[PDB]
Every structure is written in structure tokens, then in C-alpha cells.
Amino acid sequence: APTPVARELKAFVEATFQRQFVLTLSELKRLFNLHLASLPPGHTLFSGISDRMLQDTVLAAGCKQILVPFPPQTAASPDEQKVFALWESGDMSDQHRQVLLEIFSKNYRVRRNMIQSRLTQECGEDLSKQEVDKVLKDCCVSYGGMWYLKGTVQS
């Protein structure tokens, strides 16, 4: 079957705006071409990607167009005048920490997998290794293969 483009575009747009926050369509297209250089031949993003699809991906990913009023005599191109910005950053680190703390309301120590499973069940199956690693680094210490809240191990 066909290999759809939307998820691949979204991953690129999300990485780009989380890093840079504000950029023009011109810069987004430049960065997209650099992204293409990293992809293997046969990838779906080598064909049939319009500027419209890129803009729709930006708006689908919690970014907004900022209607900056360029001066009358500007030489900036249309793409150089179209400005997008990260609106909501989507950092759910507070919520992950709250789920972990709820575990330790009922447990002194647990396996990593128990934490991962609880987070996945509560917060979503797309939870990343980086997000779990962060909440563990912030809140916990491991001893003997078990995970404790910081400062609660008595070795």
C-alpha cells in the first residue's frame, strides 16, 4: 500500500520548531531539504510534498502563523514573509512526574518496567524513552535493580 507522508512531516516539523521556536517558510523549506539529505533513497518524502502540506503540518503541530507586518519597501520574498512560531510546547514532564509520585504513594521500591507500564497506561503508548529517562533522573535513584525516590535508600 501507499506510504503516507503526514507522520513523517510532523516528526520533522516538531523537531524543527522545538529547537528553533520561530522561523519563516523559507527557512523551513531550507531545513526540509537538509532533512531530505539524511533520508534513504525510496523514502516517501522525496516526492509529492507541497509547501501547502508543510504549512498544514505546522498548524497541525501546535504552531501558529504570525502575521508580522513587513515594511512596504522590503525585498523579502513571499516565503521569507511567512512566519511561523511554536505556540504550545507540549512539555508534559509535570504530568509524568505526578504519575510516578503516585506510584511511590503505595510502593517503597519498584522495577523500571512497572514505572514504564504505569506511565504508558496513564499518559500514552507513544511515551518516549527520553521522557521516562527524564522522570527517573529527576525523581528516583536505582539500587540493586530497584527504583526508589531520591533520598529514601538506606545503604
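Start at 1 and count along the sequence shown; that's the residue number.
query = If you average the CA temperature factors over each stretch, which comes out higher, 140 to 148 or 127 to 135?
reply = For C-alpha atoms only, the mean B-factor is higher in 127 to 135.
task = Between 92 to 100 and 106 to 114, name whichever shows the higher mean Cα B factor according to the PDB entry.
result = The stretch with the larger mean CA B-factor is 92 to 100.
ask   = Between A61, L28, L36, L119, which one tops the list for C-alpha B-factor in the PDB entry?
value = Answer for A61, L28, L36, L119: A61, with the highest C-alpha B-factor.
query = In terms of the chain's CA B-factor thirds, is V68 lowest, middle or highest?
reply = CA B-factor rank for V68: lowest third.
ask   = Lowest, middle or highest third: where is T24 by C-alpha B factor in its chain?
value = Bottom third by C-alpha B-factor.
query = What third of its chain's C-alpha B-factors does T44 belong to: lowest, middle or highest?
reply = Tercile = highest for this residue's CA B-factor.
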